[PDB]
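# Remarks on the overall topology
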Amino acid sequence: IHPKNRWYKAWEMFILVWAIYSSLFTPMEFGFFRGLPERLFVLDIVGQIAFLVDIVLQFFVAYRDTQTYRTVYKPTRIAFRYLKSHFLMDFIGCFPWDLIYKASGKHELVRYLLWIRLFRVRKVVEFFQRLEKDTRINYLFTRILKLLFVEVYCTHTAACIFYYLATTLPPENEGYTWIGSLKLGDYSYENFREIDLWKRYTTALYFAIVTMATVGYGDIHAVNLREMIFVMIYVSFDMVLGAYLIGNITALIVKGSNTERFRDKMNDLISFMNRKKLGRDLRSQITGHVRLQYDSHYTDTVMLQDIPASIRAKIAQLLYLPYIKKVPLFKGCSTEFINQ
Amino acid sequence: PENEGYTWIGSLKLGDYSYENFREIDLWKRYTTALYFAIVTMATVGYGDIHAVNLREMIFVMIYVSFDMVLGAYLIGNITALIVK
Amino acid sequence: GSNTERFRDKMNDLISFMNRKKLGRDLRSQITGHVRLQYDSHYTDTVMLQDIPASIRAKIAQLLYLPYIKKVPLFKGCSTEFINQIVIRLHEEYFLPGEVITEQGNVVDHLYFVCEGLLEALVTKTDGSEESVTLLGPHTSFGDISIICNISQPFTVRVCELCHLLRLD
Ligand SMILES: [K+]
């Protein structure tokens, strides 16, 4: 098959949607749910079969060679390449990790294994790589968007883990956790395992989001000795993430803009013109002409001028000859004379 | 009006003043209290005396702080670029 | 940043310019190829190289370029010492298919040796100029008689294929 087939791309988009769903659901299944309920039977099953089908179909896809511009179509070699990099993790993540938990005596580590399914975020990573290659979207805005998605995914995962850390403590000694000690307004979280899923999730995500923005109100804070060590790591990592975001936005802005260039040009012009003490009507004429010059995209000529190396020939040939032969002084002249 | 507790205002006890009936206070006290909250949250200070307490306020605060984080990064970037030039 | 950013920035500006005026896909291509080349390390490579006194470079030249200059028939002087004198002062240069190298106007300045690739040799005439003078290939010379006897480089040459041409003062 060809890395750019009509529907293969349709399958890629389908699997991207499924990958987003699984990436955003696995931490929530692991944290807020000590064993998936009965109602959520078919959702897990369908997700697993979909990703297994993708595995099988990826086993039948030609790969583009890296050092060399040949896309190979050797089935044994596509086998080898797939079975090396991204087969073991995708296969292990495909096993039913809820039925195994509810069959193997309900042991905790088989549920801890659920985090293998986070490897599907590679799909979004490759999607952002493809978007970066495309010429429609600027490179640096793509980098900013990728960092904004990374921040939000890390925040959601951190919220799931932060609620999980409050379930390790025994239910009787629940007064010594970040949740179960809240008294927000009139509401008190007494038995925090008996509230709706969305209340607990929104509280945890509220804590994580006002922590990633470095607001930190302090209505919800860490209490245990395991919740302190988690917040230290989370804020230490968030600091560097935020510095990266600021740096990328700064680079995007510092690249430049047309109004900035025009204002610099007019700065030089006004300095030179006030220095030589020329007349005001000349000032108006010059500023009007330069304003038209920068409105007409005059600076494209020099940009093209910087080492195109004579492929200008057909550019000018297709761009200017429309107005050339028409003038009543070239009638009956030679073609190469017109081109030159 | 019955559940004026369990609200960001109505459960406030700044100093010796209690926002008991938060619909009869002068318009300017309510307005400048809300603005105070919004400005200490856009400056990323977050004192914590005025905080969201419901589930309709947690969502709004999350959206607002995400948007303001991006905006603050943008303002820092503009000032840095113009100083660098 | 890095060079992968300069490439993308220049190509983005070029795309803006080209699609703003609806140029056409064939030239789009010509341009793309050219842009790519300038960015690639081939160029800034030799330029930066510079500095390295020469003694050291000397060995770089005699390890890279020696067989290439030895395989040209014109240099059968049989003195490999003369040939090592030749290699010690060579500078590479890459031109894309469709590049003018030398024409009648420019006098001799360098010995343009031709590496793997085809460069078209032509001359001029008085009606459509002239076509098909000679198709230079590897292990040959190009622009030699001018330094041999007298200045001025006739036989206008516009390259037709990619080639890693050498150049000696
Ligand atoms: K703060």
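Conventions we followed
As a numbering rule, every chain is indexed from 1 in the order its sequence is written, which need not reproduce the entry's residue numbers; residues that lack coordinates are not presented. Written order decides the labels, with chains lettered from A and ligands numbered from 1. Each value given relates to the chains shown, not to the larger assembly they are part of. With hydrogens and water stripped out, all remaining heavy atoms of the structure feed into the side-chain values. Keep in mind that water is not among the atoms, so a site may look incomplete; donors are the N, O and S atoms within 2.8 Å of the metal, or 3.2 Å for Na, K and Ca. Put simply, DSSP marks the helices as runs of H or I at least four residues long and the strands as runs of E at least two long, and each gets a number from the N terminus on. Paired strands, as defined in this entry, are two strands with at least two bridges between them according to DSSP. Between N-to-C directions, angles cover 0 to 180 degrees, with each direction set by a line fitted to C-alpha atoms, over the stretch in contact for helices. Whether two residues are in contact is decided by their heavy atoms: any pair within 4.5 Å suffices. Summed over both partners, the accessible area lost on bringing two parts together, with a 1.4 Å probe, is the buried area. Counted as a polar contact is a pair of N or O atoms within 3.5 Å, where, for protein atoms, one must be capable of donating a hydrogen and the other of accepting one, and residues adjacent in sequence contribute only when both atoms are in side chains. Buried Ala, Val, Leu, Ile, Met, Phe, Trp, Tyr and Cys residues that are joined via side-chain atoms within 4.5 Å together make up what is termed a nonpolar core. Relative accessibility under 20% of the residue-type maximum defines a buried residue, over 50% an exposed one, and the middle range a partly exposed one, all with a 1.4 Å probe and only protein chains included. When a carboxyl oxygen of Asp or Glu lies within 4 Å of a side-chain nitrogen of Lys or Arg, that pair is called a salt bridge. Residue classes follow a fixed rule: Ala, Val, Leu, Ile, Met, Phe, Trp, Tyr, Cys and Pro count as nonpolar, while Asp, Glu, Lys and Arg count as charged, and any other residue, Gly among them, counts as polar.

## Some words on the coordination of the potassium ion
A four-donor tetrahedral metal ideally has 109.5 degree angles, and a six-donor octahedral metal ideally has angles of 90 or 180 degrees. At the metal site, the potassium ion is ligated by A:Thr214 (O), A:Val215 (O), B:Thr44 (O) and B:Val45 (O), and these contacts range over 3.0 Å. In this pair, A:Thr214 sits in the loop between α8 (197-212) and α9 (225-255) while B:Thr44 sits in the loop between α1 (27-42) and α2 (55-84), so the two residues belong to two different chains.

## Details of the sheet that holds strand β4 (residues 134-136) of chain C
Residue and element names in this part refer to chain C. Taken together, the four strands give an open sheet; going across it, the order is β1-β5-β3-β4, and neighbouring strands pair in antiparallel fashion. The open sheet has two edge strands with one neighbour each: β1 (100-102) and β4. On average, each strand axis in the sheet is tilted by 30° relative to the strand beside it, whichever way the strands run. Relative to β4, strand β3 (residues 119-121) is paired through three bridges, and the arrangement is antiparallel. Of the residues in β4, the one forming a bridge with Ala121 is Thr134.

## Some words on the interface of chain B and chain A
Contacts between the two partners involve 31 residues from chain B, matched on the other side by 29 residues from chain A. When the two sides are added together, the surface that chain B and chain A hide from each other amounts to roughly 2,500 Å², 77% of it contributed by carbon and sulfur. At the boundary of chain B and chain A, one finds two residue pairs in polar contact. Among the secondary structure elements, those contributing two or more residues to the side of chain B that touches chain A are α1 and α2 of chain B. Here the side of chain B that touches chain A gets 17 residues from one element, more than from any other, and that element is α2(B).

## Here's the deal with the arrangement of the chains
Ranked by contact count, the leading pair among the two pairs of chains in contact consists of chains A and B. Separated without contact, chain B and chain C have their nearest C-alpha atoms at a distance of 15 Å.

## Quick notes on the nonpolar core
One finds A:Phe32, A:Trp178, A:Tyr206 and B:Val61 to be the most contacted residues of the largest nonpolar core, which totals 52 residues. Those elements that provide at least two residues to this core are α1 (6-31), α7 (139-164), α8 and α9 of chain A together with α2 of chain B. At ten residues, the largest contribution of residues to this core is made by α8(A). Not counting the four nearest positions on each side in its chain, B:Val61 is found in contact with A:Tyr206, A:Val210, A:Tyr217, B:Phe37 and B:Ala52. In this structure, C:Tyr65, C:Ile86, C:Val87 and C:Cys115 belong to the second largest nonpolar core, which totals 13 residues.

## Looking at the side chain of A:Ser22
Residues and elements named next belong to chain A. Following the sequence through the fold, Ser22 ends up in helix α1. Classification of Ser22 by relative accessible area gives buried; the value is 9%. The contact partners of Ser22, leaving out residues within four places of it in the chain, are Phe51 and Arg120.

## Some thoughts on unusual backbone geometry
All names here are of chain C. Here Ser152, not a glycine, exhibits a phi torsion of approximately 95°, which is positive. Structurally, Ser152 can be placed in the loop between α7 (145-148) and β5 (157-159). Positive phi values are uncommon outside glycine, yet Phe155 reaches one of about 60°. Its place among the elements puts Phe155 in the loop between α7 and β5.

## So, the interface of chain A and chain C
The interface of chain A with chain C comprises 19 residues on the first partner and 20 residues on the second. For the pair chain A and chain C, the summed buried area comes to about 1,800 Å², and 57% of that belongs to carbon and sulfur atoms. It is A:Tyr139, A:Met303 and A:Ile315 that lose the most area in chain A upon contact with chain C, and together they represent 30% of the buried surface on that side. In this structure, A:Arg143 and C:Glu5 form a salt bridge, with 2.3 Å as the shortest nitrogen-oxygen distance. There are six residue pairs in polar contact connecting chain A and chain C. Looking at the side of chain A that touches chain C, the elements that each hand over two or more residues are α7, α12 (300-305) and α13 (312-320) of chain A. Here the element with the most residues in the side of chain A that touches chain C is α13(A); it accounts for four residues. Of the residues that constitute the side of chain A that touches chain C, the class distribution is ten nonpolar, three polar and six charged.

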